Amino acid sequence: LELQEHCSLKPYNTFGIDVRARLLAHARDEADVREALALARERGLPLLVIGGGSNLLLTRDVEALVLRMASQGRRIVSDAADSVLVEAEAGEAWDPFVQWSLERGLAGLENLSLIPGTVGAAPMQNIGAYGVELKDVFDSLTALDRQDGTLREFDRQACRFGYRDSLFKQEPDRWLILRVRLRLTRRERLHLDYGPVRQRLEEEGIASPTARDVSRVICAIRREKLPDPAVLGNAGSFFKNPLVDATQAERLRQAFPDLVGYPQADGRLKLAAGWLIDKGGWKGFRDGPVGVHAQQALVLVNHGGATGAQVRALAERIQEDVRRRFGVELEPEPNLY
Ligand SMILES: Cc1cc2nc3c(=O)[nH]c(=O)nc-3n(C[C@H](O)[C@H](O)[C@H](O)COP(=O)(O)OP(=O)(O)OC[C@H]3O[C@@H](n4cnc5c(N)ncnc54)[C@H](O)[C@@H]3O)c2cc1C
Ligand SMILES: Cc1c(C(=O)O)cnn1-c1ccccc1
């Protein structure tokens, strides 16, 4: 590998937290993952796999081997007429991957445009946006099993995809994703449904609504709402949207008339966590070098040189303050290390 000893991780996590790793390693392919894995054992260290570090909260120096996935390769596997199965290596940067697909003439990823991170990490959290989740186009992946080292294929059912969840987040540290295969489409009628994405597409003339168009749109909305971690350290939205049983829903319902909620198919209501945190007077909060954004209340930030623990403590403060005022527990989205 390109091994580095006791070296900072500030340029490796979108929060910008400066903690040291006992060893840093960059994996270019599967041969590099194997040896990196025999090191972590042949030096008694635990192994921490990272991609772009945009779903990751670091709180202490990492007495691990940190293995940054930098595997590279973007390929069409199959071409059926209306569906195309593509495959990309784990370290491939996600958004350029999206551009690659649109370049090739394919739809399916367009609503996941400009999401940070790697292809390898995308199945971990089942990345979702603008009504689309990775499972909608997920076909299969290849993962290294860290109990015995044997590669196996995971079809879609086997991944137990959930809202910002998967078997790989349920069974953490077991599986190391190397490859991801998605089925993309051509010339499918356009997946858009009464939102700002549409409002702003149909203003452009909408001669034809190609995925490339909607992908151009979505970037623009992203570039206007979401804080860039290149200026304000963050890991995007910090809390998942909580969903409550119909009984919890009914009591909060007639306690706040606003209650931005969303009804699911199983009967229960998924509350807008942005509302909860904003109704809790948290928007624009700042204590020391951490806070929440002044617009998107879901985005916790490091204004400058914060610690992961401070971020972690603001998170916890918010969760209690919410739970102790509405009776809902906000779960986080990033993984804490
Ligand atoms: C500005 C910003 C905007 C965002 N917007 C969105 C959004 O719209 N929608 C959304 O869903 N998310 C969003 N995110 C968060 C999203 O989860 C991450 O950006 C991205 O999905 C994580 O990819 P990564 O390679 O950076 O993973 P990392 O942060 O590097 O890793 C996260 C977790 O995955 C594990 N992991 C990483 N690579 C592998 C691998 N190869 N095999 C196994 N486990 C692995 C790590 O160990 C860790 O547990 C946003 C984040 C930021 C900073
Ligand atoms: C959660 C979310 C959705 C969604 O729930 O579909 C669409 N965009 N985002 C988002 C919000 C803040 C930061 C990053 C992403």
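Order of appearance sets the numbers: ligands from 1, and atoms from 1 within every ligand. Heavy atoms only: backbone and side chains are in, while hydrogens, waters and symmetry mates are out. The first residue in the sequence is number 1, and the count goes up from there.
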Region of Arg222 engaging ligand 1 - heavy atom pairs below 4.0 Å
side chain

Partners passing side-chain contact (heavy atoms from CB on, under 4.5 Å) against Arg74 (at least two apart in sequence or in another chain):
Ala88, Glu92, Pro96, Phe97, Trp100

Out of curiosity, is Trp175 lining ligand 1, as in a heavy atom under 4.0 Å away?
yes

Quick check on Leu226 - does any of its heavy atoms sit under 4.0 Å from an atom of ligand 1?
no

Hey, could you give me the CG/CZ distance between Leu102 and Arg216, rounded to the nearest 0.5 Å?
10.5 Å

Give the numbers and elements of all ligand 1 atoms closer than 4.0 Å to a heavy atom of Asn335.
33 (C), 48 (C), 49 (O)

Tell me the contacting part of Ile127 for ligand 1: side chain, backbone, both, or neither, using a 4.0 Å heavy-atom threshold, strictly below.
both

Any atoms of ligand 1 less than 4.0 Å from a non-hydrogen atom of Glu333? List them with their elements.
10 (C), 12 (N), 13 (C), 15 (C)

Among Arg146, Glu92, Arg164, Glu133, which residue places a heavy atom closest to atom 11 (O) of ligand 1?
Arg164

Can you say whether the rings of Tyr12 and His26 are parallel (under 30°), tilted (30 to 60°) or perpendicular (over 60°)?
tilted

Identify, by atom number and element, the atoms of ligand 1 in contact range of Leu56, meaning under 4.0 Å from any of its heavy atoms.
29 (O)

Name the residue from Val119, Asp32, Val33, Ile177 that meets the side-chain contact (heavy atoms from CB on, under 4.5 Å) definition with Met69.
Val33

Is a salt bridge present between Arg186 and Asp82, judged by a nitrogen-to-oxygen distance below 4.0 Å?
no

May I ask you to check whether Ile115 has an N/O atom sitting below 3.5 Å from an N/O atom of ligand 1?
no

Hey, could you give me the CZ/CD distance between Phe239 and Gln319, rounded to the nearest 0.5 Å?
5.0 Å

Check: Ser113 and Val98 side chains under 4.5 Å, non-hydrogen atoms:
yes

Return the set of residues passing side-chain contact (heavy atoms from CB on, under 4.5 Å) with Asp173 (not counting sequence neighbours), or none when no residue passes.
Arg146

Would you say the side chain of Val84 lies within less than 4.5 Å of the side chain of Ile76, judging by non-hydrogen atoms?
yes

Determine yes or no for a side-chain-to-main-chain donor-acceptor pair under 3.5 angstrom, with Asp145 supplying the side chain and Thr150 the backbone.
no

Show which atoms of ligand 1 fall inside a sub-4.0 Å distance from at least one heavy-atom site of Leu176.
42 (N), 43 (C)

Closer than 4.0 Å to some heavy atom of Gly117 - which atoms of ligand 1 meet that?
23 (O), 24 (P), 25 (O), 26 (O)

Checking the N or O distance criterion of under 3.5 Å, is ligand 1 in contact with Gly51?
yes

Heavy-atom distances under 4.0 Å decide this one: backbone, side chain, both or neither, for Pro229 against ligand 1?
side chain

Taking every non-hydrogen atom, the tightest pair across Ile115 and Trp94:
O-CD1, 3.1 Å

Is there a heavy atom in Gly53 that sits closer than 4.0 Å to ligand 1?
yes

Going by distance only, is there an N or O of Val49 that falls short of 3.5 Å from an N or O of ligand 1?
yes

Within the 4.0 Å heavy-atom shell around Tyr130, which atoms of ligand 2 are there?
6 (O), 7 (C)

Per side-chain contact (heavy atoms from CB on, under 4.5 Å), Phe238 is matched among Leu314, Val301, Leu300 by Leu300

Spacing of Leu182 atom CG and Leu134 atom CG [to the nearest 0.5 Å]:
5.5 Å

Interfacing atoms of ligand 1 (cut-off 4.0 Å, heavy-atom, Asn234):
1 (C), 53 (C)

Is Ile177 in polar range of ligand 1, meaning some N or O pair under 3.5 Å apart?
yes

Are the side chains of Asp95 and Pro116 in contact, using a 4.5 Å heavy-atom criterion?
no

For ligand 2, is there an atom lying under 4.0 Å from some heavy atom of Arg164?
yes

Nearest-option assignment for atom 53 (C) of ligand 1, heavy atoms, candidates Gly236, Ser237, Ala93:
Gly236

For ligand 1, does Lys169 get within less than 4.0 Å through its side chain, its backbone, both, or neither, judged by non-hydrogen atoms?
neither

Using a 3.5 Å cut-off on N or O atoms only, is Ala129 in polar contact with ligand 1?
no

Please identify which atoms of ligand 1 are closer than 4.0 Å to at least one heavy atom of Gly128.
7 (C), 8 (O), 9 (N), 10 (C), 11 (O)

Select one of side chain, backbone, both or neither to describe which atoms of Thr118 lie under 4.0 Å from any atom of ligand 1, heavy atoms only.
both

Mind checking whether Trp275 and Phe326 have parallel, tilted or perpendicular rings, split at 30° and 60°?
tilted

Please say whether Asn55 places an N or O atom under 3.5 Å from an N or O atom belonging to ligand 1.
yes

